[PDB]
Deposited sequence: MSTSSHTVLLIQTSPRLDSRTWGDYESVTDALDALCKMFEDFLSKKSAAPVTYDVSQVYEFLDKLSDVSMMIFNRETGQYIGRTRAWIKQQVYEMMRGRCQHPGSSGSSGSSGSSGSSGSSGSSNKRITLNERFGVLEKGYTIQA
């Protein structure tokens, strides 16, 4: 499981920027699927891609244990992961927290925090 930071901007207003973090990539992707359902029963593939395209911004920082650093991933990659997670539920045509500050500080000392 790779600690993941999710960067989102819902509207073109800069103050709609928010972030969350997750113990795994799968959890961060799941959170996006839940955001998509909240913005709506049944949905087709195009709705998921266009929900993700309509976000003014969406990207992830994914922890890489071998370097102790974070790989950046942007919308094109996220859309393919989210589609794969959502593919079985889409219609188609035819038919108590850790702060980032503390976590980065433990990391600077040579340690990872592991769920």
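According to the record, C-alpha coordinates are lacking for deposited residues 1 to 3, 44 to 50, 106 to 125.
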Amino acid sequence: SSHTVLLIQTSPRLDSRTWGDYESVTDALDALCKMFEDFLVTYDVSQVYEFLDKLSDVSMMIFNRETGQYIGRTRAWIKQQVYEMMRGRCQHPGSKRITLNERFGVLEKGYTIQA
From here on, numbers count along this sequence of modelled residues.
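Relative to its counterpart among 96 to 104 and 9 to 17, 9 to 17 has the higher mean temperature factor, C-alpha atoms as listed in the PDB entry. Comparing 54 to 62 with 41 to 49, the stretch with the higher mean C-alpha B-factor in the PDB entry is 41 to 49. Each of 90, 31, 82, 76 has a CA temperature factor in the record; the biggest one is found at 90.
Looking at the C-alpha B-factors along this chain, the one for residue 4 belongs to the lowest third.
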